[PDB]
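To start, the structure under review is shown below, and the notes come after it.
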Amino acid sequence: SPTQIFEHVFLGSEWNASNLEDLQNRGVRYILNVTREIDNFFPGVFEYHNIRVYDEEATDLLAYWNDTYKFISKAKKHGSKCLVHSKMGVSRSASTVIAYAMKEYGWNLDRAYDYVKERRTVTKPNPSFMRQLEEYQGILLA
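Its first residue numbered 307, the sequence shown is counted upward by one per residue in the authors' numbering.
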């Protein structure tokens, strides 16, 4: 299933994003699709935001986390829930979720990674995504 990380935040996969009834039942109405290659399965049912990026070292996700912040913050604003998903829900999605938590609750990186890793054990940002979260930390501070 998709993994609830905050009141308003789920972390999941493409197969979670294609499971309409699951999403509806969980009260999701916003979907953060952190992929280039996976579709928006239900346009007209959910509000989408797309981060059209591949799960590769050359991807600069850092440049997109305030956009991601904006959207997820939007979900909460209207009293709703957001699914953050990729293809596997392991790297692009997980990293994004970790960054939001750092920004949002002002959590240390190990703090947030640890928080997210505990609930979604398969979470595993790619090594370049890890470097960037460390940067993000430095940026949030400086």
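By construction, the Cβ of each residue, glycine as well, lies at the ideal position given by its N, Cα and C atoms.
Between the alpha carbons of residue i and residue j, how many angstroms are there, rounded?
{"i": "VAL428", "j": "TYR360", "result": "18 Å"}
{"i": "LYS387", "j": "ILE445", "result": "27 Å"}
{"i": "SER401", "j": "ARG332", "result": "22 Å"}
{"i": "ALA323", "j": "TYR421", "result": "23 Å"}
{"i": "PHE348", "j": "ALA448", "result": "40 Å"}
{"i": "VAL334", "j": "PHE312", "result": "12 Å"}
{"i": "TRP321", "j": "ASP366", "result": "25 Å"}
{"i": "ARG425", "j": "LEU326", "result": "22 Å"}
{"i": "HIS384", "j": "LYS423", "result": "27 Å"}
{"i": "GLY350", "j": "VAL403", "result": "25 Å"}
{"i": "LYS430", "j": "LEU317", "result": "12 Å"}
Are the Cβ atoms of residue i and residue j separated by less than 8 Å?
{"i": "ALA405", "j": "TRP371", "result": "yes"}
{"i": "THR374", "j": "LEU338", "result": "yes"}
{"i": "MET394", "j": "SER319", "result": "yes"}
{"i": "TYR336", "j": "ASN346", "result": "no"}
{"i": "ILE357", "j": "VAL315", "result": "no"}
{"i": "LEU368", "j": "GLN438", "result": "yes"}
Using DSSP with H/G/I as helix, E/B as strand and the rest coil, what is residue i?
{"i": "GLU363", "result": "coil"}
{"i": "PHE347", "result": "coil"}
{"i": "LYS376", "result": "helix"}
{"i": "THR309", "result": "strand"}
{"i": "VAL334", "result": "strand"}
{"i": "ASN339", "result": "strand"}
{"i": "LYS382", "result": "helix"}
{"i": "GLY444", "result": "helix"}
{"i": "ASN322", "result": "helix"}
{"i": "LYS387", "result": "strand"}
If you compare alpha carbons, which of the options is closest to residue i?
{"i": "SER434", "options": "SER307, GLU362, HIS355, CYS388", "result": "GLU362"}
{"i": "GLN443", "options": "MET408, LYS430, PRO431, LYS423", "result": "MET408"}
{"i": "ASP328", "options": "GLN310, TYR354, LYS430", "result": "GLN310"}
{"i": "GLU440", "options": "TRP413, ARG426, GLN330, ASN325", "result": "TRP413"}
{"i": "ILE344", "options": "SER399, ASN432, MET436", "result": "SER399"}
{"i": "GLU410", "options": "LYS380, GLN330, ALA364", "result": "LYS380"}
Could you check how far apart the C-beta atoms of residue i and residue j are, in whole angstroms? I think they sit under 8 Å.
{"i": "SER392", "j": "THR341", "result": "5 Å"}
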